Amino acid sequence: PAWXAXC
Amino acid sequence: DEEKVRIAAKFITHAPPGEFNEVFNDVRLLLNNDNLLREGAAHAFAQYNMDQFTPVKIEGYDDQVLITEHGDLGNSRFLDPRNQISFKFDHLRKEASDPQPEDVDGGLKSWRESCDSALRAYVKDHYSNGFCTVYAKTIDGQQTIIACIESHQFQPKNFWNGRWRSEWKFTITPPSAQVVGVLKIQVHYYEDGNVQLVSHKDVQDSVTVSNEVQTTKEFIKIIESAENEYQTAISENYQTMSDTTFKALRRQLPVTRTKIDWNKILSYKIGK
Amino acid sequence: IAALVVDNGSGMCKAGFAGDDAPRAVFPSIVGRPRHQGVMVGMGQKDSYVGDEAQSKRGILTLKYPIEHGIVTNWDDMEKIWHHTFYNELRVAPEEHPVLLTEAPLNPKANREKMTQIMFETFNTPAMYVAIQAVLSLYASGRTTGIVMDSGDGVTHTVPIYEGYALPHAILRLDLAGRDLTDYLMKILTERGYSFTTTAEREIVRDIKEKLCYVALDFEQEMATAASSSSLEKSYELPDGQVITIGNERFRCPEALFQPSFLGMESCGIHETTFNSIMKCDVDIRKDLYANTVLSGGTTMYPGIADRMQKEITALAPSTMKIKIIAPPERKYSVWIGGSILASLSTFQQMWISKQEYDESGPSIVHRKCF
Amino acid sequence: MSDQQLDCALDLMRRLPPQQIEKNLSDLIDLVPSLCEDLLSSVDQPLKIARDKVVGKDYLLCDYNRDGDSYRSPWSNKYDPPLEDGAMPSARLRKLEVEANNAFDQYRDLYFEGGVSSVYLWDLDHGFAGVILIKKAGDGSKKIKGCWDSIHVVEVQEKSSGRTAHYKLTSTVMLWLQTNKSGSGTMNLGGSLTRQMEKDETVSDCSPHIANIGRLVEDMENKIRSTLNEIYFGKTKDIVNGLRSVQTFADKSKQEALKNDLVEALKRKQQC
Ligand SMILES: Nc1ncnc2c1ncn2[C@@H]1O[C@H](COP(=O)(O)OP(=O)(O)O)[C@@H](O)[C@H]1O
Ligand SMILES: [Mg+2]
């Protein structure tokens, strides 16, 4: 969810 | 004068065998006089042609005979152990001529003329094009077989030249015999820049003597094994291991596996 | 009875009967196992899945390719790919039709035995042959001489085929291919904050690579344009509906084929390995080759790749040699197409290893050929 | 006449082994005086090491850093032996020369992890020109021996407006590898290639002219090296296999024969 499209 | 003919001798003696005739032409164009070069080049070419080991064809024999020290009679003439006929060899020109018959008892000689005849076929099976000779001589009281095999390949259109030399000595002794030999390879490429291959292998062995057919087969098996292993290493090892050793002299990409960056390279004297 | 033609590609297995101009089966060569427990026992759930079943079931499976780089890694996985090919993808019994297997040049000799033994003894093929892939490609392109640049998911292969023969001394196996190219896309996506890790997630990236990415005719000029204006930016939304916004990345990924340095690869680039192959030939056939540059396999599809390849290899060759790039459509499948033609020849119909020949000679049938 | 003497002298220096260049050149100027100046300018040859005693660091000697009777060190900026005048660079060109020496010291350290390098720049009315020199010997603790030598000579055209420069690079790489392992005898390989490349680039506020030069040098050394390794493996595979293979070639000829007839049948069945 941190990641823009993944975490 | 004497320095000029010693300078020419070094060039004529060491010249690549696809290009040696051209090097002679180069040296004869470089200097103003023919005779001082021609008279030294004859003596050089004697030694030289024997170490090339290269054959000549004699117009009535319908075969190729190698040229060497073991073949040299003195008095500018060479042996043919198969045909048993001596001949004069010209060292500048391509042909050889005016043969003379040679007689001997031939006991020791006859034993390997069989083995020679066998070897010929295995030569045909080793090289696309290939020639051989097997010399018979007493050396300080020793009984020896000297078997030799040859290849020249050249093409001007390809800008590559490639060459083979082999020497094998087998010393007759019951029940156990001794063997000594040398194998050599030379290749040159020059299409835009130049690359050269130069190599030797030396071999020593021990054998036992049983029958004419068995010695014929055995010597051939050794030649077969040695040449095929020598070629196998020189192709299969050099296509990989030479990449790694040449890399150890200079790398293809750095230790980083990245192209270097001039800003960081100027600024960062990275730690010891 | 008609022959079956099989292409053992690294990424997708292309298969069908002979004479046909398109394969009847085309699927990703994946064996996919459970990532998790099958709690709803009423599903009739499978010990592993394959092809489009695995790609539908992507989110719950560990996707393994049985071919990596170009070699079979686990024979039983490949054997499952073949079993599925016959019984499920084509719905045929392999005992009942002649079979052709594609193979790569310089694949080690033991592989030929394993393939042959599996095809006769696992699959009972009534006749069999094994063919160098690249040959089939030119053959399919009609021409009887040229240099192939075949690149699929695993190997880039360059072969000069002359008088209809592969010239083995000139064959430049290059370990850069689609799969490797996929990895680099993952990284350049990462720069802009998008992440992908699971082997399922790899296949999502593959879908992106096959759509947005393209080859720019000159790198820094394009990149300077892209750095100036957002006009070069496009999008494609994942299965979870979120759009990805992408510019500079589009030319940057397939640039790697010309620059193996970008991935730290010591081997030369795609035009380079082509030239480097050409130069090894019998000199008289050099011009015969340069007019006859032939591209194939899935990685050859990127827009602008042919025009770039021309401007690129033109530098390496001495000029006025008239280098020309054969790159029409349908080059996605030239290799399998070629086999389909080869398998239509009445002479080839005589030339197969028969089942009876293998049933007398075993794998030793290849020892006359393999040296 | 004399132009053909110089041409056949250069041809000789193409045909003779690159290991023997200094011996063969001294001999060739002893066989032909008057041509000595032409020969020493036209014939490329291995570099010479020098020690700067004031700084305690090594440098390399070339015909551009030399000015008559003496050579300028890239460290102390003095000539040995000293001179009353000397064709020095400008102060700003000298500072650039120091920056180049530092950048190329890192470059060489990363690519070779040893040997020595040198960099020199000479002032031109239309820009700058430069030489990069590298030398590296193999591991004297080992059976395997060798050397590698770099010569890069670059000419820079600085244009009137729009801050572009055009770069004209010439390069030569000299090689010898001696190899003595795997029980398959020994091989020596000689190599010498020469290339030219051209580019124009806009000057930047973040990267100075040396980074441009350097980008060309790195791309050139990658291209040269890749070319070298492939030239070695090409000729060392094709010619050596061709000389001493026969049976594999006969079985591949059987495949050719079958496959021929299949290709003939393809003409009819492609028409069908
Ligand atoms: N239109 C396309 N754009 C980008 N890549 C593609 C395209 N079509 C195929 N590819 C790539 O080609 C690779 C496989 O090529 P192919 O030769 O068909 O498979 P194989 O070599 O396994 O037979 C795939 O990884 C895929 O990413
Ligand atoms: Mg494929």
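This deposited entry lists cryo-EM as its structure determination method and 3.8 Å as its resolution.

Engineer: I tried to follow the overall build of chain B on my own but got confused; where do I start?
Structural biologist: Looking only at helices and strands, one finds seven helices and ten strands in chain B. Against the 2.2 N^0.38 benchmark of 19 Å for 272 residues, chain B shows a C-alpha radius of gyration of 24 Å, more extended than a compact globule. Each of the three principal axes of chain B carries a C-alpha extent, and together these read 85 × 55 × 35 Å. Residue burial in chain B is summarised as follows: out of 272 residues, 42% are buried. A fraction of 49% describes how many contacts in chain B between residues 6 or more apart in sequence connect residues 24 or more apart.

Engineer: Could you clarify how one ought to interpret the packing of helix α2 (residues 75–89) of chain C against helix α3 (residues 109–122) of chain C in this entry?
Structural biologist: Packed helices, taken two at a time, are described by the angle their axes make and the gap between the axes. All names here are of chain C. Put simply, α2 and α3 touch, their axes get as near as 12 Å, and they point 45° apart. The orientation of α2 relative to α3 falls into the category oblique. Our pair here, α2 against α3, has a crossing hand that is right-handed. Judged by residue contacts, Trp 75, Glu 79, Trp 82 and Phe 86 of α2 engage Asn 111, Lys 114, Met 115, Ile 118, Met 119 and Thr 122 from α3. In the contact of α2 with α3, the residues fall into six nonpolar, two polar and two charged.

Engineer: What is the right way to read the domain arrangement of chain C from this model?
Structural biologist: The parts lose accessible area when they come together, and the size of an interface is often stated as this lost area. Residue and element names in this part refer to chain C. With domains assigned, chain C is organised as domain 1 (2–133 + 335–371), domain 2 (134–175 + 269–334) and domain 3 (176–267). Listed as interface residues are 24 residues of domain 1 and, on the opposing side, 19 residues of domain 2. For the pair domain 1 and domain 2, the number of links is zero salt bridges. At the boundary of domain 1 with domain 2, the tally comes to twelve residue pairs in polar contact.

Engineer: Please clarify how a positive patch on the surface should be interpreted in this entry.
Structural biologist: Together, C:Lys109, C:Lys369, D:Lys252 and D:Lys259 make up a positively charged patch on the protein surface. Considering the arrangement of structural elements, one finds C:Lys369 in helix α15 (residues 367–370). Given a relative accessible area of 33%, C:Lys369 falls into the partly exposed group.

Engineer: What exactly am I supposed to notice about the site of ligand 1 here?
Structural biologist: Residues and elements named next belong to chain C. Around ligand 1, the surrounding shell holds 16 residues, and the nearest of these are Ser 10, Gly 11, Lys 14, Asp 153 and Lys 209. When ligand 1 sits alone it has 570 Å² of accessible area, and the protein chains cover 87% of it. Of all the secondary-structure elements, those providing two or more residues to the shell around ligand 1 are β2 (12–17) and α6 (199–209).

Engineer: For this particular structure, what's the right way to read the interface of chain B and chain C?
Structural biologist: At the interface, eight residues of chain B touch eight residues of chain C. Contact between chain B and chain C buries roughly 740 Å² in total, counting both sides, with carbon and sulfur atoms accounting for 41%. Seen at the junction of chain B and chain C, the total is three salt bridges. C:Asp284 serves as the salt-bridge partner of B:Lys157, at 2.8 Å between the closest nitrogen and oxygen. One can count three residue pairs in polar contact joining chain B with chain C. Class assignment for the residues of the side of chain B that touches chain C results in one nonpolar, two polar and five charged.

The rules behind each value
- Residues numbered from 1 in each chain as written, not as in the entry; some residues may be left out.
- Chains lettered and ligands numbered in written order.
- Part of a larger assembly, values for the part shown.
- Heavy atoms only, no water.
- Residues with missing side-chain atoms left out of burial classes, pairs and counts.
- Helix = DSSP H or I, 4+ residues; strand = E, 2+ residues; numbered from the N terminus.
- Rg over C-alpha atoms; globule rule 2.2 N^0.38 Å.
- Buried < 20%, exposed > 50% of the residue type's maximum accessible area, 1.4 Å probe, protein only.
- Contact = heavy atoms within 4.5 Å.
- Axes fitted to C-alpha atoms, helices over the stretch in contact; angles between N-to-C directions.
- Parallel < 35°, antiparallel > 145°, perpendicular 65-115°, else oblique.
- Left-handed = near helix turned anticlockwise from the far one by under 90°.
- Nonpolar A, V, L, I, M, F, W, Y, C, P; charged D, E, K, R; others polar.
- Domains from an automatic or database assignment.
- Salt bridge = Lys/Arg side-chain N within 4 Å of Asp/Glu carboxyl O.
- Polar contact = N/O pair within 3.5 Å; in protein donor to acceptor, adjacent residues only side chain to side chain.
- Patch = residues over 30% accessible without salt bridge, like charges linked within 9 Å, V, L, I, M, F, W, Y side chains within 5 Å.
- Areas by Shrake-Rupley, 256 points an atom, 1.4 Å probe, with all protein chains shown as cover.
- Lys, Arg positive; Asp, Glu negative; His and termini not counted.
- Charge placed at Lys NZ, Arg CZ, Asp CG, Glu CD.
- Near = heavy atom within 4 Å.
- Buried area = accessible area lost by both parts, 1.4 Å probe.

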